[PDB]
């Protein structure tokens, strides 16, 4: 994964948001990419955002799951986003409906109009993980097909499995 972002994009404009419930595995993925200097920001208290930047590829990572006063500021980070990576704990069935509701509250925002969506069915390396097609039905991702390029990619963050495919896919669909 060392540098793979660089040889893939080579400083095209690419502003990625990577979100999901806590425990889904985002920070693991962020660090696997070896993207460069992480900058852990607190735009306001109760809102921990971690941003990395390489050439022209920007990442911004935070956990969903509450604290409404910081949502007008979520929308500030939405503006100009070129791709949303939404990470899901595939092995946590009783939290899938939570994760579903938070995904739809983000992806249908007007500031994310037509935004590309990769749903990472992460922790597929745990017994009992839901399959991508299962997650598609549970999440009713068909409702987003009219206006969002989307894919569900099975990943194993701690291995890096699926992460190269994820970046290649985003790249193939971008300017």
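Residue numbers count along the first chain shown, from 1.
Between 123-131 and 108-116, the higher mean Cα B-factor belongs to 123-131. Here 13-21 and 150-158 are compared by their mean Cα B-factor, and 13-21 comes out higher. Within the selection 55, 138, 143, 26, the deposited Cα B-factor values reach their highest point at 55. The maximum CA B-factor among the listed residues 103, 73, 84, 93, taken from the PDB record, is found at 73. When the CA B factors of the chain's modelled residues are split into thirds, the value for residue 174 lands in the middle one.
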